Participant: 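I'd like to ask some things about the structure below.
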Amino acid sequence: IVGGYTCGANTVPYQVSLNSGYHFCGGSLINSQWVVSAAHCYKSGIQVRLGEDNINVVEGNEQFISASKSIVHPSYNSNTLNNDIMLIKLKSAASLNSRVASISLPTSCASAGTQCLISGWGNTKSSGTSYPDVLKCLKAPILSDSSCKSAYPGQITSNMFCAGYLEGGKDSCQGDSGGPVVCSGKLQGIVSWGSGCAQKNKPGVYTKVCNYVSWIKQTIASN
Ligand SMILES: N=C(N)c1ccc(CNC(=O)[C@@H]2CCCN2C(=O)CNC2CCCCCC2)cc1
Ligand SMILES: [Ca+2]
């Protein structure tokens, strides 16, 4: 997260860290046994870390749970990042509490201008690298269809939306991938891609979760 702020410990209680001996992606808890992340975050040996603030210190309230299933959208395309979504099942259910909580799936798609909360342990710099220990937050609006396609012509599918700031300075970045875009209490986006981070005229691109609610429910019920 570039140009954001320290969230505060466990202020984003649905935010998880995906760990493979290091933090490599984010995700969102949607029930005590399932996490929503990005398909480009797939790998084997995923450990899900819930209740995190400082990812480099055991502070209390952490739950480490291995993934027992990682389900990439069958129609995920790694070149276009269309359908950049993955469902991860926990080997055991998480213990739900004020610091470890699920986030609601949306009832409807959000509209342009809608202000959202984007969070992660990703890169905090626009050029060069700096990774934080504690969770970072960014408030960002969803942008219009037209501006999004203007910014990335021929690359925006009906499963992507843009959010952020055309003026540069504030964005998600590498490491934030798979993390939440939450708007009005609902999971509307997944950190997916963009050109660089926080560059002018290149806003973040996010998986449009409202298009997958049925998929998510049908898949979970079947697994
Ligand atoms: N807000 C940001 N600027 C932001 C930027 C990058 C990321 C992490 N995601 C990525 O780095 C992804 C994963 C594989 C290559 N990524 C890309 O960003 C590449 N995107 C492509 C090529 C452009 C035309 C269609 C889209 C596919 C996350 C956030
Ligand atoms: Ca910790």
Side-chain angles (χ1 to χ4, degrees), residues 1-4 7-10 12-13 15-19 22-27 37-43 47-65 72-73 76-86 99-100 116 118-127 129 131-143 148-149 151-181 189-208:
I1 304 288
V2 181
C7 309
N10 308 117
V12 192
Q15 167 89 48
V16 313
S17 147
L18 309 185
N19 188 279
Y22 58 99
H23 160 91
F24 71 94
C25 272
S37 193
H40 80 260
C41 291
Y42 175 78
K43 62 171 65 189
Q47 184 185 77
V48 181
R49 308 182 152 201
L50 310 99
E52 291 279 21
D53 197 47
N54 189 329
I55 47 166
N56 292 306
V57 172
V58 186
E59 313 177 88
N61 302 315
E62 293 94 356
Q63 299 172 44
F64 300 168
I65 304 164
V72 166
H73 205 264
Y76 169 62
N77 179 301
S78 59
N79 302 317
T80 42
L81 282 217
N82 195 34
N83 302 301
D84 195 9
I85 182 163
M86 163 179 73
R99 288 180 197 259
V100 176
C116 307
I118 310 188
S119 43
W121 290 274
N123 201 357
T124 58
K125 299 207 132 260
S126 66
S127 49
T129 67
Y131 290 96
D133 301 324
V134 293
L135 184 60
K136 302 301 187 175
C137 276
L138 177 67
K139 305 273 194 94
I142 294 172
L143 313 182
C148 188
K149 285 141 162 214
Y152 298 114
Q155 325 161 56
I156 300 306
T157 56
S158 68
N159 305 305
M160 302 163 186
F161 66 87
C162 290
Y165 300 92
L166 299 178
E167 69 270 36
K170 298 168 65 150
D171 203 2
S172 55
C173 201
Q174 342 294 143
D176 291 326
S177 292
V181 180
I190 302 163
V191 181
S192 188
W193 60 279
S195 179
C197 309
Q199 297 301 295
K200 211 205 107 83
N201 306 130
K202 300 154 150 167
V205 186
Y206 300 96
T207 312
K208 199 165 178 194

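For reference, positions follow the sequence shown, starting with 1. Every number for a ligand or one of its atoms is a count from 1 in the order of the listing. Quick note: numbers below take in every heavy atom, side chains included, and nothing from hydrogens, waters or symmetry partners.
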Participant: Nearest heavy atom to atom 13 (C) of ligand 1 wins, so pick from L81, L138, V191, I156.
Facilitator: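 Closest candidate by heavy-atom distance is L81.
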Participant: Out of all atoms in ligand 1, which are within 4.0 Å of some heavy atom of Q174? Include the element for each.
Facilitator: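 Those atoms are 6 (C), 7 (C), 8 (C), 11 (O).
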Participant: Report yes if the side chains of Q155 and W193 come closer than 4.5 Å at any heavy-atom pair, otherwise no.
Facilitator: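 Yes; the side chains approach each other to less than 4.5 Å.
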Participant: Does the side chain of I118 come within less than 4.5 Å of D176's, by heavy atoms?
Facilitator: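 SC-SC contact between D176 and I118 ruled out.
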Participant: What I'd like to find out is whether the side chain of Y76 reaches to under 4.5 Å of the side chain of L81, using heavy atoms alone.
Facilitator: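 A side-chain contact exists here, since the closest heavy-atom pair is under 4.5 Å.
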Participant: For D84 and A39, work out which heavy atoms get closest and say how close.
Facilitator: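 Nearest heavy atoms, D84 then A39: OD1-N, 2.8 Å.
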Participant: Does atom 15 (C) of ligand 1 have a protein non-hydrogen atom under 4.0 Å from it?
Facilitator: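 Not a single protein heavy atom is under 4.0 Å away.
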Participant: Are any N, O or S atoms from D53 nearer to the Ca ion (ligand 2) than 3.0 Å?
Facilitator: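 No N, O or S atom of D53 is closer than 3.0 Å to the Ca ion (ligand 2), so no.
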Participant: How far is atom 5 (C) of ligand 1 from the closest protein heavy atom, and which atom is that?
Facilitator: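 Here the nearest protein heavy atom works out to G194 N, 3.4 Å.
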Participant: Assess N54: does it contribute an N, O or S atom lying under 3.0 Å from the Ca ion (ligand 2)?
Facilitator: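 It does: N54 brings an N, O or S atom closer than 3.0 Å to the Ca ion (ligand 2).
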Participant: So if I count the atoms of ligand 1 from 1 in the order they appear, which ones are less than 4.0 Å from some heavy atom of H40?
Facilitator: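 Once the distances to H40 are compared, the set is 9 (N), 13 (C).
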Participant: With the threshold set at under 4.0 angstrom, would you say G154 reaches ligand 1 through any of its heavy atoms?
Facilitator: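 Not so, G154 does not reach ligand 1.
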Participant: With heavy-atom distances below 4.0 Å as the criterion, list the atoms of ligand 1 near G204.
Facilitator: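 Under 4.0 Å from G204, ligand 1 has these atoms: 1 (N).
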Participant: Minimum distance, heavy atoms only, to atom 17 (C) of ligand 1: which one of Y152, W193, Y206 is it?
Facilitator: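 When every heavy atom of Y152, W193, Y206 is considered, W193 comes closest to atom 17 (C) of ligand 1.
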Participant: Testing the 3.5 Å rule here: is there a donor-acceptor pair between the side chains of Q15 and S119?
Facilitator: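 Present: a donor and an acceptor within the cut-off.
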Participant: Could you confirm whether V57 has any N/O/S atom lying under 3.0 Å from the Ca ion (ligand 2)?
Facilitator: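 Yes, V57 qualifies, because one of its backbone or side-chain N, O or S atoms lies under 3.0 Å.
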Participant: Between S172 and ligand 1, is there a nitrogen or oxygen pair with a distance under 3.5 Å?
Facilitator: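 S172 vs ligand 1: N/O contact under 3.5 Å present.
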Participant: Suppose we only allow N, O or S atoms; which atom of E52 ends up nearest to the Ca ion (ligand 2)?
Facilitator: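 Closest N, O or S atom of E52 to the Ca ion (ligand 2): OE1.
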Participant: Using a heavy-atom cut-off of under 4.0 Å, does the side chain or the backbone of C173 touch ligand 1, or both, or neither?
Facilitator: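 Looking at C173 and ligand 1, just backbone atoms fall under 4.0 Å.
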Participant: How far is atom 23 (C) of ligand 1 from its nearest protein heavy atom, and which residue and atom is that?
Facilitator: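 That would be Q155 OE1, 3.3 Å.
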Participant: Quick one, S158 with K208, criterion side chain to side chain contact (heavy atoms under 4.5 Å, CB included). Give me CA distance, side-chain angles, the key distance, then yes/no.
Facilitator: CA-CA 8 Å; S158 68; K208 199 165 178 194; over 6 Å; no
Participant: Please work out whether any backbone atom (N, CA, C, O) or any side-chain heavy atom from C-beta onward of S192 is under 4.0 Å from ligand 1, and answer side chain, backbone, both or neither.
Facilitator: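 For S192, only backbone atoms sit under 4.0 Å from ligand 1.
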Participant: Taking side chain as C-beta onward, heavy atoms only, is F64 less than 4.5 Å from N19?
Facilitator: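 No, side chains not in contact.
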Participant: Is there a donor-acceptor pair closer than 3.5 Å between any side-chain N or O of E62 and the backbone N or O of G60?
Facilitator: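 Yes; at least one donor-acceptor contact below 3.5 Å.
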Participant: Please walk me through it: do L18 and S37 pass side chain to side chain contact (heavy atoms under 4.5 Å, CB included)?
Facilitator: CA-CA 9 Å; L18 309 185; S37 193; 3.6 Å; yes
Participant: For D176, state whether at least one heavy atom is located under 4.0 Å from any atom of ligand 1.
Facilitator: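 No heavy atom of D176 comes that close to ligand 1.
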Participant: Out of curiosity, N61 CG to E59 CD, how far, rounded to the nearest 0.5 Å?
Facilitator: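 The distance works out to 8.5 Å.
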Participant: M160 versus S192: any side-chain heavy-atom pair under 4.5 Å?
Facilitator: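 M160 vs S192: side chains apart.
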Participant: Counting C-beta onward and ignoring hydrogens, is there a side-chain heavy-atom pair between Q199 and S126 closer than 4.5 Å?
Facilitator: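 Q199 vs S126: side chains touch.
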Participant: Counting non-hydrogen protein atoms only, what is the nearest one to atom 8 (C) of ligand 1? Give residue, atom name and distance.
Facilitator: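 I find the closest protein heavy atom is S177 OG, 2.9 Å.
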Participant: What's the verdict on side chain to side chain donor-acceptor pair (under 3.5 Å) for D133 and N56, showing C-alpha distance, side-chain angles and the deciding distance?
Facilitator: CA-CA 6 Å; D133 301 324; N56 292 306; 2.6 Å; yes
Participant: If you measure every N/O of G196 against every N/O of ligand 1, is any gap under 3.5 Å?
Facilitator: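 N/O-N/O distance below 3.5 Å exists for this pair.
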Participant: When you compare ligand 1 with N79, is there at least one nitrogen or oxygen pair between them that comes in under 3.5 angstrom?
Facilitator: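 Among all N and O atoms of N79, none is under 3.5 Å from an N or O of ligand 1.
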Participant: Just how far is it from atom CD1 of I156 to atom OG1 of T80, taken to the nearest 0.5 Å?
Facilitator: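 The CD1 atom of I156 sits 11.0 Å away from the OG1 atom of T80.
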Participant: Any heavy atom of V2 sitting closer than 4.0 Å to ligand 1?
Facilitator: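 For ligand 1, residue contact (heavy atoms, under 4.0 Å) with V2 is absent.
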Participant: Would you check if the Ca ion (ligand 2) lies under 3.0 Å from any N, O or S atom of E62?
Facilitator: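 Coordinating: yes.
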Participant: Out of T80, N82, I1, who is nearest to atom 25 (C) of ligand 1 when you count heavy atoms only?
Facilitator: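 Considering heavy atoms of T80, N82, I1, the nearest to atom 25 (C) of ligand 1 sits in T80.
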